[PDB]
Every structure is written in C-alpha cells, then in structure tokens.
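In structure tokens, the next block holds one chain alone, the form deposited in one PDB entry.
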C-alpha cells in the first residue's frame, strides 16, 4: 500500500504505534531504506490538539541542530486535513528491549543513562519539560538512545503511573525536576528490575505512597555505590531538594572511567 509525502512515495512495512487521531508506520522508500512516518488526521480539529501538534513539529524541527539524542526528522507535509512526518526508524524501543532482559550490563546501563540525560538536558535548555517520561519514550538506534517525543502531544503508545512524580499529584507546579524523578524511576527499574512501586497495586494507595514522606523507598545494596547515590538523589520528594540534570551530568556515576 503506497503513500505520498512531498511527492516521494512510501510503501508501508507496518504500523508500530497508535493513539488519538495519529498512527506511526515503519515504511520503505524508493531505494529500499527504512523510516517511521507519523500520520495525523486533522478531520477532528480539536483546536487544542491542533496547536499541540503544530507546536510539536516546530520544536522537533528546532531540536535537529542541538542534539542527536533526539529522533531525526527528514520531512513533513501538513495541510488542514493531515500531517505526515517522515522520521528515523529505530531498531527497538527501550521499553521492549528491557522486558526481553534479565541482566543489563552495568556499562550499557551507564551509556543509556548518559544518553538519557543528554537528551533531557537538551529539551530543558529550550524550556520543554516532558513530565511523562517512561521507557517507551526512548529508542535504540545503533547503540545510542534517542528521545522520541517531548510531551507536547497526547502521545501514542506502542502497538502506568509508576513514573508519575510527587509534585504532579499534590498540584491538582511542573519544573525540570519532575523529569529527573521519572528518570530516576527509569534508572531504578534498570538496576533493580522494577520501578519503585511495581509492587503496590491499590492505585489510591500507590499515589499516597508516591507522596507519603514516611514511606521509605527501599534502596537495596548493589555492586556500585555511585549508582545507588545517583538513585537516592533523584528519588527525593522535595523538588527543591532533588538533584538537577546539570548536577546529574557532573555526577561521579557518569563521569568516572
């Protein structure tokens, strides 16, 4: 089944994500190369939705320069009815590559963490706060992770409120610190193999736990202390307390050997 984007033509290998009025497809060009293509349908001109999407393209466009830990965008076409974005295709998302795994190599867990921070630092410099980070939002492309999205649009899910931080639940304000927390949970889950409450099931309880000063988060012993320190510093409950992405970038855990 064909597709046209700026008069270049694309044959769909398959759908790889869906949500709202948009679908993502793995696809091939004329010269047998792979790409993802996000196709959004504007027939439902929910006007908040529509500006959310014009805003995502705008940013995705601007962050092409400042980092390649950010998914590449080769082209797009937008009209009143549709939006096609032709992007990079990753081998695999992170959320998967983790569930098909028992032991993560410590060196990889570090290199993925670096990549994580770099990408999140990049979007903070441009004043974006994701506030929705989870493993799905990252993506493997030749050893490097790359952030796929910014939290601008009511995002797809491939084909969970573990990573929800405290401030987002009491506040019913969002700073950068909010992404740190979710990053911690993602690192947490990469060391221990469960987010910090994959084991509470009562949702009313789970969010009382996320916000209960007197619930001591269980921090096991591990081969490397630095990691353990990074993890405690990220999963603090006062944002004013919590470590920053710039402090995180100058941490021993990311800098030494």
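Rigid core (definition): largest C-alpha set, two forms, superposition within 1.5 Å. Positions refer to the first chain, counted from 1.
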item: Test item: residue 159 lacks coordinates in at least a third of other entries; value: yes
item: Unmodelled residue 173 in at least one third of other entries with both flanks present; value: yes
item: Deposited-sequence gap flanked by residue 159 and residue 160; value: 10 or more
item: 232 to 240 or 245 to 253, whichever carries the higher mean Cα B-factor; value: 232 to 240
item: Between 103 to 111 and 128 to 136 (mean CA B-factor, as deposited), the higher; value: 103 to 111
item: Out of 143, 184, 151, 176, residue topping the C-alpha B-factor column of the entry; value: 143
item: Residue 77 - Cα temperature factor, lowest/middle/highest third of chain; value: lowest
item: Chain thirds of CA B-factor: placement of residue 52; value: lowest
item: Residue 219 by Cα B-factor - lowest, middle or highest third of the modelled chain; value: highest
item: Modelled-residue ranking by C-alpha temperature factor, third containing residue 169; value: highest
item: Ranked against its chain, the third holding the CA B-factor of residue 155; value: highest
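Although it is not shown, the form deposited in another entry is what the next lines describe.
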| property | result |
| --- | --- |
| Core-aligned C-alpha movement of residue 239 between this form and the one not shown reaching 2 Å | no |
